[PDB]
Each structure stands twice: as C-alpha cells, then as structure tokens.
>>> print(open('protein_16.pdb').read())   # PDB, C-alpha atoms
ATOM      1  CA  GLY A1269     -23.301   0.719 -30.764
ATOM      2  CA  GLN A1270     -20.142   1.204 -32.890
ATOM      3  CA  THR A1271     -19.548   2.628 -36.344
ATOM      4  CA  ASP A1272     -16.821   1.396 -38.677
ATOM      5  CA  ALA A1273     -14.978   4.697 -37.994
ATOM      6  CA  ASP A1274     -14.950   3.680 -34.288
ATOM      7  CA  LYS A1275     -13.037   0.484 -35.221
ATOM      8  CA  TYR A1276     -10.609   1.073 -38.145
ATOM      9  CA  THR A1277      -7.495   3.259 -38.306
ATOM     10  CA  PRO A1278      -6.428   4.154 -41.866
ATOM     11  CA  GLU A1279      -2.745   5.092 -42.280
ATOM     12  CA  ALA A1280      -1.514   7.920 -44.454
ATOM     13  CA  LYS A1281       0.883   7.050 -47.300
ATOM     14  CA  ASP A1282       2.617  10.009 -48.963
ATOM     15  CA  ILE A1283       2.881   9.709 -52.678
ATOM     16  CA  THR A1284       4.904  11.035 -55.516
ATOM     17  CA  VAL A1285       3.646  11.861 -58.967
ATOM     18  CA  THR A1286       4.658  13.764 -62.079
ATOM     19  CA  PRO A1287       2.803  16.983 -62.857
ATOM     20  CA  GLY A1288      -0.636  15.941 -64.065
ATOM     21  CA  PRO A1289      -4.257  15.670 -63.097
ATOM     22  CA  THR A1290      -5.247  14.879 -59.503
ATOM     23  CA  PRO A1291      -3.989  11.404 -58.544
ATOM     24  CA  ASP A1292      -5.955   8.315 -57.525
ATOM     25  CA  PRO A1293      -6.837   8.809 -53.809
ATOM     26  CA  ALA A1294      -6.566   5.070 -53.000
ATOM     27  CA  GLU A1295      -2.779   5.621 -53.365
ATOM     28  CA  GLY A1296      -2.760   7.819 -50.225
ATOM     29  CA  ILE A1297      -3.837   5.037 -47.780
ATOM     30  CA  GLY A1298      -1.035   2.680 -46.790
ATOM     31  CA  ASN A1299      -3.033  -0.059 -44.972
ATOM     32  CA  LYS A1300      -6.016  -0.637 -47.300
ATOM     33  CA  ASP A1301      -5.666  -4.445 -46.695
ATOM     34  CA  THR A1302      -6.664  -3.850 -43.031
ATOM     35  CA  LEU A1303      -9.936  -2.040 -43.936
ATOM     36  CA  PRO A1304     -13.254  -3.657 -44.800
ATOM     37  CA  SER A1305     -13.898  -4.538 -48.426
ATOM     38  CA  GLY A1306     -16.306  -1.935 -49.735
ATOM     39  CA  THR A1307     -14.360   0.923 -48.167
ATOM     40  CA  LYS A1308     -14.191   3.835 -50.681
ATOM     41  CA  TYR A1309     -11.580   6.573 -51.122
ATOM     42  CA  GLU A1310     -12.024  10.148 -52.408
ATOM     43  CA  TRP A1311     -10.178  13.408 -52.022
ATOM     44  CA  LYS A1312     -11.877  15.859 -49.634
ATOM     45  CA  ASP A1313     -10.883  18.526 -52.205
ATOM     46  CA  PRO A1314      -8.982  17.837 -55.443
ATOM     47  CA  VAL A1315      -5.217  18.244 -54.943
ATOM     48  CA  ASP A1316      -3.719  20.500 -57.585
ATOM     49  CA  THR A1317      -0.858  18.369 -58.965
ATOM     50  CA  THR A1318      -0.578  20.363 -62.241
ATOM     51  CA  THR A1319       2.645  22.022 -61.007
ATOM     52  CA  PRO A1320       5.665  20.750 -59.080
ATOM     53  CA  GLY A1321       5.976  21.005 -55.306
ATOM     54  CA  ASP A1322       4.841  19.372 -52.032
ATOM     55  CA  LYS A1323       1.027  19.484 -51.862
ATOM     56  CA  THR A1324      -1.094  18.700 -48.828
ATOM     57  CA  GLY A1325      -4.469  16.954 -49.270
ATOM     58  CA  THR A1326      -6.975  14.904 -47.300
ATOM     59  CA  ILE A1327      -8.417  11.534 -48.245
ATOM     60  CA  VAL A1328     -11.972  10.742 -47.142
ATOM     61  CA  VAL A1329     -12.162   7.032 -46.243
ATOM     62  CA  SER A1330     -15.830   6.017 -46.423
ATOM     63  CA  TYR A1331     -16.658   2.727 -44.734
ATOM     64  CA  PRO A1332     -19.480   0.378 -45.763
ATOM     65  CA  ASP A1333     -21.747   1.840 -43.041
ATOM     66  CA  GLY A1334     -21.309   5.427 -44.325
ATOM     67  CA  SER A1335     -19.123   6.587 -41.440
ATOM     68  CA  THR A1336     -15.823   8.237 -42.483
ATOM     69  CA  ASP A1337     -12.246   9.074 -41.566
ATOM     70  CA  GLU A1338     -10.251  12.020 -42.971
ATOM     71  CA  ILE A1339      -6.510  11.328 -43.493
ATOM     72  CA  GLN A1340      -4.024  14.031 -44.483
ATOM     73  CA  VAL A1341      -1.168  13.118 -46.846
ATOM     74  CA  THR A1342       1.637  14.843 -48.731
ATOM     75  CA  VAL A1343       1.725  14.564 -52.540
ATOM     76  CA  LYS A1344       5.236  15.243 -53.832
ATOM     77  CA  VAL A1345       4.864  16.539 -57.443
ATOM     78  CA  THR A1346       8.235  16.233 -59.178
ATOM     79  CA  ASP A1347      10.002  18.880 -61.375
TER      80      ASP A1347
END
>>> encode(input="protein_16.pdb", output="structure tokens")
Amino acid sequence: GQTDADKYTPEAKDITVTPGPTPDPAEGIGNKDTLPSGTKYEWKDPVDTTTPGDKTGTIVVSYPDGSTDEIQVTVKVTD
C-alpha cells in the first residue's frame, strides 16, 4: 500500500537569482527527470528574493497521487 512519497526522493538544487519576485520553484529540484510526469512544484511559503542575500525556502513536491515531499533549498540572491 505505497504512496508516491514512499517511492521517490527529490533532490534539492540551490539556485541563484537577481533581486526580483519569488523564483520558479521547479528550479529548486535537481532530479525532476527521475520523478513521475504530473509531479507539481510550489513554494511552501514564498521566498523573499526582493533583496540580496542567502535565503532559505522549502519546495513542496506534489506527486500525481496527492502525496508530497518538502525539500529545503538555498536561494542565493546576488548584489
């Protein structure tokens, strides 16, 4: 009786951006090719990338069955 979250292991990928609005969360998973098609990506909470610095955020990976993983990443906002 397994869920998708029992089977798949998303990998964090740190990203770098210029100051700007919250980036595309798909950029924070480094092994999307390993995950089922129909897997969705969203930030748990929007990362504030409006100012420079190293931000911490979490990507919610939602599998086709509705189970989830939560993956923390660093977003390096440049000066």
>>> closest_residue(input="protein_16.pdb", among="A:1339, A:1292, A:1316, A:1330", to="residue A:1278", atoms="all atoms listed in the file")
A:1339
>>> residues_around(input="protein_16.pdb", residues="residue A:1279", least_positions_apart="3", cutoff="10 Å", atoms="only C-alpha atoms", output="MDAnalysis selection string")
chainID A and resid 1276 1282 1296:1300 1302 1339:1341
>>> resolve_selection(input="protein_16.pdb", expression="the PyMOL selection byres ((chain A and resi 1304) around 12)", output="PyMOL selection string")
chain A and resi 1272-1273+1275-1278+1299-1303+1305-1308+1329-1333
>>> closest_residue(input="protein_16.pdb", among="A:1274, A:1338, A:1327, A:1319", to="residue A:1295", atoms="all atoms listed in the file")
A:1327
>>> resolve_selection(input="protein_16.pdb", expression="the PyMOL selection byres ((chain A and resi 1345) around 10)", output="ChimeraX atom specification")
/A:1283-1288,1316-1323,1342-1344,1346-1347
>>> atom_distance(input="protein_16.pdb", atom1="atom CA of residue A:1336", atom2="atom CA of residue A:1290")
21.1 Å
>>> closest_residue(input="protein_16.pdb", among="A:1270, A:1334, A:1280, A:1289", to="residue A:1315", atoms="only C-alpha atoms")
A:1289
>>> decode(input="protein_16.pdb", residues="stretch 1300-1332 of chain A", atoms="N, CA and C atoms", output="short mmCIF file (atom, residue, chain, number, x, y, z; two decimals), in the first residue's frame")
data_model
loop_
_atom_site.label_atom_id
_atom_site.label_comp_id
_atom_site.auth_asym_id
_atom_site.auth_seq_id
_atom_site.Cartn_x
_atom_site.Cartn_y
_atom_site.Cartn_z
N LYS A 1300 14.36 16.35 -11.42
CA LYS A 1300 12.96 16.28 -11.87
C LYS A 1300 12.72 15.18 -12.88
N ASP A 1301 13.73 14.83 -13.68
CA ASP A 1301 13.66 13.74 -14.70
C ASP A 1301 13.45 12.37 -14.05
N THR A 1302 13.70 12.23 -12.76
CA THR A 1302 13.52 10.94 -12.07
C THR A 1302 12.09 10.80 -11.56
N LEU A 1303 11.33 11.91 -11.48
CA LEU A 1303 10.03 11.93 -10.81
C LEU A 1303 8.94 11.67 -11.82
N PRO A 1304 7.76 11.24 -11.39
CA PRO A 1304 6.70 10.96 -12.34
C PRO A 1304 6.31 12.21 -13.10
N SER A 1305 5.94 12.06 -14.35
CA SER A 1305 5.27 13.19 -15.04
C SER A 1305 4.01 13.48 -14.24
N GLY A 1306 3.66 14.72 -14.20
CA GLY A 1306 2.48 15.15 -13.42
C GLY A 1306 2.80 15.50 -11.98
N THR A 1307 4.04 15.41 -11.59
CA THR A 1307 4.57 15.96 -10.35
C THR A 1307 4.55 17.50 -10.45
N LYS A 1308 4.09 18.16 -9.39
CA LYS A 1308 3.97 19.64 -9.38
C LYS A 1308 4.92 20.15 -8.32
N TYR A 1309 5.25 21.46 -8.45
CA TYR A 1309 6.24 22.12 -7.59
C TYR A 1309 5.66 23.47 -7.13
N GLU A 1310 5.76 23.75 -5.85
CA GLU A 1310 5.30 25.06 -5.33
C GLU A 1310 6.16 25.37 -4.14
N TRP A 1311 6.34 26.66 -3.85
CA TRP A 1311 6.99 27.01 -2.59
C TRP A 1311 6.02 26.74 -1.43
N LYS A 1312 6.54 26.31 -0.31
CA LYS A 1312 5.76 26.11 0.91
C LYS A 1312 5.27 27.50 1.34
N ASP A 1313 6.19 28.45 1.37
CA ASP A 1313 5.96 29.88 1.59
C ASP A 1313 6.80 30.64 0.57
N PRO A 1314 6.31 31.80 0.07
CA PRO A 1314 7.08 32.50 -0.96
C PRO A 1314 8.44 32.92 -0.38
N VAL A 1315 9.50 32.70 -1.11
CA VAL A 1315 10.83 33.18 -0.67
C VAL A 1315 10.96 34.64 -1.05
N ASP A 1316 11.40 35.47 -0.11
CA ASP A 1316 11.53 36.89 -0.42
C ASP A 1316 12.89 37.13 -1.07
N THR A 1317 12.90 37.19 -2.38
CA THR A 1317 14.11 37.43 -3.20
C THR A 1317 14.23 38.86 -3.69
N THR A 1318 13.51 39.79 -3.04
CA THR A 1318 13.49 41.22 -3.41
C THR A 1318 14.79 41.90 -3.00
N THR A 1319 15.54 41.34 -2.07
CA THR A 1319 16.81 41.91 -1.63
C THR A 1319 17.91 40.87 -1.68
N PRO A 1320 19.17 41.31 -1.83
CA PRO A 1320 20.27 40.35 -1.86
C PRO A 1320 20.38 39.52 -0.57
N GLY A 1321 21.08 38.41 -0.70
CA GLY A 1321 21.44 37.56 0.44
C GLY A 1321 21.12 36.09 0.18
N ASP A 1322 21.52 35.22 1.10
CA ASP A 1322 21.21 33.78 1.02
C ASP A 1322 19.89 33.56 1.75
N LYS A 1323 18.87 33.17 1.01
CA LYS A 1323 17.54 32.85 1.54
C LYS A 1323 17.43 31.33 1.64
N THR A 1324 16.60 30.92 2.56
CA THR A 1324 16.24 29.52 2.78
C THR A 1324 14.78 29.38 2.45
N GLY A 1325 14.38 28.45 1.62
CA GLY A 1325 12.97 28.12 1.38
C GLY A 1325 12.74 26.64 1.18
N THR A 1326 11.49 26.26 1.13
CA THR A 1326 11.12 24.83 1.01
C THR A 1326 10.22 24.69 -0.20
N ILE A 1327 10.54 23.71 -1.02
CA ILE A 1327 9.69 23.35 -2.17
C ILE A 1327 8.79 22.19 -1.78
N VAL A 1328 7.53 22.32 -2.02
CA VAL A 1328 6.55 21.23 -1.90
C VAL A 1328 6.47 20.55 -3.25
N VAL A 1329 6.89 19.28 -3.26
CA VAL A 1329 6.80 18.38 -4.43
C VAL A 1329 5.50 17.61 -4.26
N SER A 1330 4.55 17.80 -5.15
CA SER A 1330 3.25 17.12 -5.05
C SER A 1330 3.15 16.08 -6.16
N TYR A 1331 3.06 14.83 -5.78
CA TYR A 1331 3.04 13.73 -6.75
C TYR A 1331 1.65 13.53 -7.31
N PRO A 1332 1.52 12.78 -8.41
CA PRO A 1332 0.20 12.58 -9.01
C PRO A 1332 -0.90 12.04 -8.09
#
